[PDB]
Engineer: 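I have a structure I would like to understand better, so I am pasting it below and will then ask my questions one at a time.
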There are 2 protein chains.
Amino acid sequence: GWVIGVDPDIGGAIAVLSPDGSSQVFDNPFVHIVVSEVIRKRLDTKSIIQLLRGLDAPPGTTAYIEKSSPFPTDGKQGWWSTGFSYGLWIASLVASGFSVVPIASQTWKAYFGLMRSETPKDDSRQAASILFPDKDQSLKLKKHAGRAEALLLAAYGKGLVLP
Amino acid sequence: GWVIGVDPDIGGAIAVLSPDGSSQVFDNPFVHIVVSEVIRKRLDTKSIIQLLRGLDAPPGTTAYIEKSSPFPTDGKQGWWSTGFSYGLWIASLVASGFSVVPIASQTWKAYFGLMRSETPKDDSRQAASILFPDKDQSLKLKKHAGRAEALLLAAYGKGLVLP
DNA sequence: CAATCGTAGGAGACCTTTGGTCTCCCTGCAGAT
DNA sequence: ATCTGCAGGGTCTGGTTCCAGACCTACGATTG
Ligand SMILES: [Mg+2]
Ligand SMILES: [Mg+2]
């Protein structure tokens, strides 16, 4: 009963749920790159692969990863980056033996009753902390919303339910 | 000794050069998927990882990969795709033990004197044929220009010269 | 450090060489033989 | 099948045969 959840973008995270009910969540590793004479943050491929290889989740574990679907009004750099982060994550997960299942944000948001929220990121952190109370301290900052999304993706895949 | 060259886009290829002078080139694996009610070609992650795992090139072999640099006039779908394809290949190569070195198309084109051609893809196929004459039969078609570019990237990395 | 705001954006190599100049794809989808 | 031409484009799910309604992200910058 292992489940993995991945928020693949630059502030994202990977969550790992164990059969005994324990959970781990890891911020996505990144590095600072020079592009067009400015600095950009980019996912750290080797650290991701090393992170996956050190997981105790066995081969065949399912990884639920949020589907890339940027808005037509997002810029072309946004489109490249969501595509790049998605491809790098999917290849790393497959190479590490995990079975990848893409999930639309509409799917897990509806599942946990989070659609049409005035504060979607805050509500995600609140839902994740309720499902994983031992992660409550790791979810108190606004910048922890990627941790929450990864946990909620894993909770969705595991079929967990809010009280 | 061993050198890998990767043209990462959907009609691209991976070339593998051996220390004895032999060469192999494989079209990039792809599948057809439904996106927004139409059919799209997307690289086949699992097939790419299995291909890489089957190479005799040892760990630490350098994989020269063409840097993604879409034009600001290309559509946002082109930007997403080139990012996705790039990320997928980089992670697959890293996970399979290879050292990844991104090369700009202007670098290997200038090295082989191909800059400012009015028929750049035809010229690439001609140059690859001369450098790898046993691949002449595999470079006869217009759609083989991806195979040509992968071979030229690998030949660049190995320091080959046209006669 | 952590949060907020507002728009949606190229990038690279090598020279002219501490800024300038010139170069380079790709995707998606319809058509034609 | 292979190639040519040419413009640069959302995509998804829950509900059916198209509709209705839903969803981000990146990149720079400034505020304490
Ligand atoms: Mg997300
Ligand atoms: Mg290319």
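We use all heavy atoms of the structure for the numbers below, so side chains are in, but hydrogens, waters and symmetry mates are not. Chain naming here is simple, since letters A, B, ... match the order of the sequence lines and numbering starts at 1 in each.
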Engineer: Under the rule that ring centres be under 5.5 Å apart and planes under 30 degrees, are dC25(C) and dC26(C) stacked?
Structural biologist: yes
Engineer: Where is the tightest heavy-atom contact between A155(A) and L17(A), given as atom of each residue plus distance?
Structural biologist: N-CD1, 3.9 Å
Engineer: Under 4.0 Å between any heavy atoms, over every strand shown, what does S36(B) touch: base, sugar-phosphate, or nothing? Just pick one.
Structural biologist: base
Engineer: Does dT25(D) have OP1 or OP2 sitting under 4.0 Å from an N or O in the side chain of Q77(A)?
Structural biologist: no
Engineer: Is there a side-chain contact between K76(B) and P72(A), using heavy atoms and a 4.5 Å cut-off?
Structural biologist: yes
Engineer: Under 4.0 Å from OP1 or OP2 of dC26(C): is there any side-chain N or O of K121(B) that close?
Structural biologist: yes
Engineer: Out of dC3(D), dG10(D), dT25(D), which has the shortest distance to the side chain of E66(A)?
Structural biologist: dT25(D)
Engineer: Just wondering, are more than 12 heavy atoms of other shown residues or ligands nearer than 6.0 Å to CD in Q126(B)?
Structural biologist: no
Engineer: Which nucleotide, in any strand shown, forms a Watson-Crick or G-U wobble pair with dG9(C), with both distances under 3.5 Å?
Structural biologist: none
Engineer: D9(B) near the nucleic acid: base, sugar-phosphate alone, or nothing, with a heavy-atom cut-off under 4.0 Å?
Structural biologist: sugar-phosphate
Engineer: Where the side chain of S81(B) is concerned, which of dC24(D), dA13(C), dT27(C) is the nearest nucleotide?
Structural biologist: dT27(C)
Engineer: Could you check whether the side chain of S69(B) and the base of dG10(C) have a donor-acceptor pair of N or O atoms closer than 3.5 Å, going by distance alone?
Structural biologist: yes
Engineer: Measure distances between side-chain N and O atoms of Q106(B) and base N and O atoms of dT23(C), and say whether any donor-acceptor pair falls under 3.5 Å.
Structural biologist: yes
Engineer: Between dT27(C), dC24(D), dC25(C), which nucleotide gets closest to the side-chain atoms of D74(A)?
Structural biologist: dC24(D)
